[PDB]
Structure formats: structure tokens, C-alpha cells
């Protein structure tokens, strides 16, 4: 009955390029959303996005970054952070069959998939395509482009489940620890930000389009006038480690993954059923007898989704409603990367004793009446936290993390 703990974390987000910058943003309720000329020039209605403010040029060995797409790059940088944060020397995690990596993305790389088709149809054909498009566009790019340069010898693959992707990745890593198959598994994911993929969401009306003049107000989970989520890009990675192994080397422990839920709606393709989320959270709560002090919701700032999840939460907790805040109101929706990025925001809140505000709620949706939705940064000692991730296809994931004594 092996225990799984998080001993290191790394992040590249719209609101910060390391845990310190992210910490400050969360505490200040600072938005990472900006106006995107690229999205506007593509012909989209949504002209806002949660972009990574960082020129990654030269941050990765050329011989290595040549095979990578943005999703892989973001995850790579995140992993470097997590390795250092975990205090793992090369000899400690490299060429070690007991050390694996499970990380993916929601869309792989639409940009390079399109680059290849465009190049191929041009005057140069194959010569224009080049020999690096496959590793960049394949769905497992995120895991393949990291496992190889990091000398990973254990498990190596990507779990993909739309907006639940990185959450499932972390959960699966936990399972590897529980099966005694691995001592350490770097888990997380990444996602590129481009009109190529964005227009696809805009074309189904999933993106916000009425607040382009005021980018930082576009993402407004629970607000009565929300009109879709704000697409974002970025990456995240956490070090899931077996408890004894962690203690033995004196690793710093953020928390223990005491609960992992993964269910399926078997209902609608792009809308949640809520019934599945209820089972997902309940599964994650099995054997967890401490109260959930804070719930980092999936809340993407969409009309149907936001309240559907609030309803499931009600069903699960009843008059025991935990503090709730939707960090996407600040960060935007990083899709496949949201799972790990939000587990990190939750771990930071747990580590530093505070609840990040759910911003831009000028008028609370009436269906959210009677819930403890935190709208102002609040200091508080937290012990157990829950984070939800739901994606198209009715795929659900929930992670419950708890502080260890002393």
C-alpha cells in the first residue's frame, strides 16, 4: 500500500515562469490574459489569450530542441525546475529503470501538423517539411521529447484526455508508485498556444468574444456574464515520489496524493453531465476522512460548465461546501496543461497558507448562491485540497492532496 508524495514542481504559465512568480500572481489575483493580434489576424472572434511571457530561445540544447514543439518546450523547462526543486542530481534520476515519466498534451502540435501540410504543398515539398515534424506533431511529443534528453529509463508515455490530460498523468504516476513499479515519476504536461488550434474552439463557440477590449476581464468564472473560456498555453511538471524513497534522501514534501478519481460521463461530447464529476470526486475522497479545505475548480468560465460543476460539488459535499476559487479566471484555460498547473497552484496555496481569489465576479450567477466562493486572497491554514479537471469526451479527473505531519 505504497504512499505517493509530491517532492518537486516546475511551471511555465501565463502568470509566471517559476513558482515564485506564480505565487505572487496568485496572491495578488493578477491576470495573465492579454490581447492577441495573432488570434485577431487569424479571423477569430476571440482576441484574448493566456500567453507565456518568455522568449525560450536558447534555453534548450539545439540538438534537443530541434525535435520539439512548444508543448514539449514548456514541459521541458517545467521539468528542469522540478528536478532542481526536488534536489535530484543527474545520478539520482538518470539511467534508472525505477524512474519514469508520464506527461502529455491535449492537442499535440496543430501548428507543426499544419506547417508540414503547408510546406509539402509548396514548391519545395519534402525539402521544406524537414525531418523534425513527426516528433513535434505526434501526440506523445511531450513525453518523448523529455524522456530522451533526461535519460529516463522507467515508464515513458503520454496520457491524453483533452482538458483532463495532465491530471490523469499525475494520477497514473501515483498508480505506478502504488504498483511498486516506480520510485519516481515526473508527471505533468504542456500545450502550445496558436490560432491553428484556437480557431477550432472559437468555431464551436467555446471561447470568450465579448471582452476583447478588456482582456483581463474576459475570463470570469461564475460571473453572470461569462461567455466562454480564454485559451492559454504553458506547461507544468511535478515530481511524484514514493514516500519512503523521499524520506530516505531527505526530500522536501509538499503533500501526499491521498486521492485520485477518474471517471467517464458516457453522455455528451462537449458538455459535462455532472453525474460523472460526482463519482469522480467521491472516488478521490474514498478513505479521505479529513475535510476538503480548498477546492480548485475546473471552472473555465463557460455558461453551462461552471454551474454544472458547482452542482456536482454540492451533491458531493452538501452543507459541507469547501472554500472554492477558479484560478482560470486569472490564468485562462491551458487545456492539456491545466491539470498539472492547477495542482501546482493548489500545492502553493497549501504550502504557503492562503486561498487564491476567484476574480472578475461582478455579479454572482444565481446558481452559485450559498457557496463559499472566495473572491479575495485569504490567509488560512490548509491541510487537504481538491482540484478538478474535466475535458471533452466526458473524461473526468480529480486529485486530492494533503499535508503530512511536521
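Residue numbers count along the first chain shown, from 1.
For the pair 312-320 and 156-164, the mean B factor over Cα atoms is greater in 312-320. Averaged over their C-alpha atoms, the temperature factors of 227-235 and 212-220 are higher for 212-220. The PDB entry gives the largest Cα B-factor of the residues 104, 87, 261, 90 to 90. Ranking 358, 367, 341, 51 by Cα temperature factor from the entry places 367 first.
Per the PDB record, residue ranking by Cα B-factor puts residue 244 in the highest third of the chain.
Among the modelled residues of its chain, residue 305 has a C-alpha B-factor that falls in the lowest third according to the deposited record.
Ranked within its chain, residue 69 lands in the lowest third, by CA B factor from the PDB record. Ranked within its chain, residue 346 lands in the lowest third, by CA B factor from the PDB record. Sort the chain's modelled residues by C-alpha temperature factor and residue 328 lands in the lowest third, per the entry.
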